[PDB]
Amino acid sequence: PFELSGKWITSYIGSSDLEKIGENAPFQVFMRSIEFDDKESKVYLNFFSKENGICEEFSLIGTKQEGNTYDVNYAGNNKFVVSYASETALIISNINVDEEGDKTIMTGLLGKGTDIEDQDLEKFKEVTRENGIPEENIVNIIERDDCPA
């Protein structure tokens, strides 16, 4: 039986729009935890991001929607789904529509710390590829996460 709630740290992110994931972009997200509250149909997300190269922390609350998808407001509107779950990782697929109306598809591989299991990494590359995102649009987040624990 799986527990999806708990500490989750980003290892890699892929994006159909590179403007959304480099240095200080809104979706270069360093996850810290995700709590799924199925009783209240909500999800709680805590993570760091950088603006001005300095770490900033966010705690968001999303709403459970149809088909195990969640809606959450952050740099526009987001609809995401936990596409894959193992005992060591989560792969999340997110569609963002920003304030300008531009749509971006992104994937993220999450784990319990810094030591990546290749089996989880191969699944992340396949989900990324399936979403039309090229290999070169993958950023290594563990290498860039120097925000507090």
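From 1 onward, residues are counted along the sequence shown.
* Could you settle it for me: does 103-111 or 47-55 have the higher average Cα B factor in the PDB entry? => Higher mean C-alpha B-factor in the PDB entry: 47-55.
* **Which of 116-124 and 36-44 has higher mean CA B factor, as the PDB entry lists it** => According to the entry, 36-44 carries the higher average C-alpha B-factor.
* To do: For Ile138, return the chain-relative third of its C-alpha B-factor as stated in the PDB record: lowest, middle or highest.
  => It belongs to the lowest third of the chain when residues are ordered by C-alpha B-factor.
* Asked: Going by the entry, which third of its chain does the Cα temperature factor of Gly132 land in?
  -> For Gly132, whose C-alpha B-factor we compare with every modelled residue in the chain, the answer is the middle third.
* Rank-wise, by C-alpha B-factor, drop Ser83 into the lowest, middle or highest third of its chain. => It belongs to the middle third of the chain when residues are ordered by C-alpha B-factor.
* Please rank the C-alpha B-factors of the chain's modelled residues and tell me whether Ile21 sits in the lowest, middle or highest third. => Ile21: CA B-factor falls in the middle third of its chain.
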